[PDB]
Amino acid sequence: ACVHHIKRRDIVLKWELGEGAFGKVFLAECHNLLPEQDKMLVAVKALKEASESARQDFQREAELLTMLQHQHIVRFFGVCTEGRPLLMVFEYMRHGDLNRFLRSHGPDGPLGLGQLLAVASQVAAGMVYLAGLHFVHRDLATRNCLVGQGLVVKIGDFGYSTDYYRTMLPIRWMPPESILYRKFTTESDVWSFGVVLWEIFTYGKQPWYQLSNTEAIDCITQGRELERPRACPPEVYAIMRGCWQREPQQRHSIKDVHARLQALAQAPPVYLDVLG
């Protein structure tokens, strides 16, 4: 609602974490933000376009990120509108995006079953929060999740061009009805969560990596399912299949998916990937 305003001089730019057509993302030090933390690290999203439509869309977005407050939703600290670029201040997630983290902690040390379940459960938690507010993410993927201190996994949205097919759609994460009709609901977000589970248990591999964007559309629209990852116990694959029901009305709700994952996270199945 009422967006926090950070003074430009309170932001000290330390390095560039990445960029896009939108502008740049920086690692920065931020003064007078949190109590007892005189200086703290943050990630700063800087917008290239400073036009009236760009300023209005920014305020809309900043107000929305201000409402979204949860343990597994990336923290929004405020804005800086002291000229171009317009700056959005978020918490710094030291391990970067979940996809990169998964791959870099894959068997290619490696994350064990319990760690994978914790990751999965944390993403499910953030989604229960979003589903509660009737908020549709539309782009749930491990590349839009972030990992901070203590393997704390939170959901974000960066806005990985190989993951989208031309409007640029993340088809491999999309259920049949979103590919065909461009309709995004909590039920399609559930489908995406199931693909996010597959990604977790493949250590960030691309769903349908053997196939091209146009071949993957055929797979999904013909009801062809992603195979059970070798590191995935059958109990979790059961959860993925429930997320992938062809009919949106027949997919499990995220609250249920979370409950089953939270249960598995506390008492993990005795499963060794090496045996299958």
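Don't overthink the numbering: it's just position in the shown sequence, from 1. In this text, rigid core is short for the largest set of C-alphas that superpose within 1.5 Å between two forms.
Note on 77-85 and 137-145: with rigid core alignment, C-alpha atoms in 9 other deposited structures of this protein sit farther from this form for 77-85. Between stretches 250-258 and 13-21, the one whose Cα atoms sit farther from the displayed model in 9 other deposited structures of this protein on average is 13-21 (core-aligned, root mean square).
Checked against the other entries of this protein, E235 counts as resolved in every one of those spanning it, not missing from a third of them. Modelling of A50 is missing from a third or more of the other compared entries in which both of its neighbours are modelled.
In the deposited entry, the stretch joining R166 to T167 is interrupted by 4 to 9 residues of the deposited sequence lacking coordinates. In the deposited entry, the stretch joining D108 to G109 is interrupted by 10 or more residues of the deposited sequence lacking coordinates. In this crystal structure, the stretch out of 186-194 and 167-175 whose C-alpha atoms carry the higher mean B factor is 167-175. As listed in the deposited structure, the average C-alpha B-factor of 45-53 and of 231-239 is greater for 45-53.
The PDB entry assigns the greatest CA B-factor among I220, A62, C30, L27 to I220. Split the chain's modelled residues into thirds by C-alpha temperature factor. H70 is in the lowest one. Ranked by C-alpha B-factor against the other modelled residues of its chain, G126 falls in the lowest third. Ranked by C-alpha B-factor against the other modelled residues of its chain, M88 falls in the lowest third. In this PDB entry, the Cα temperature factor of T202 sits in the bottom third of its chain's modelled residues, the lowest group.
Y181 sits in the highest third of its chain by CA B factor, as recorded in the PDB entry.
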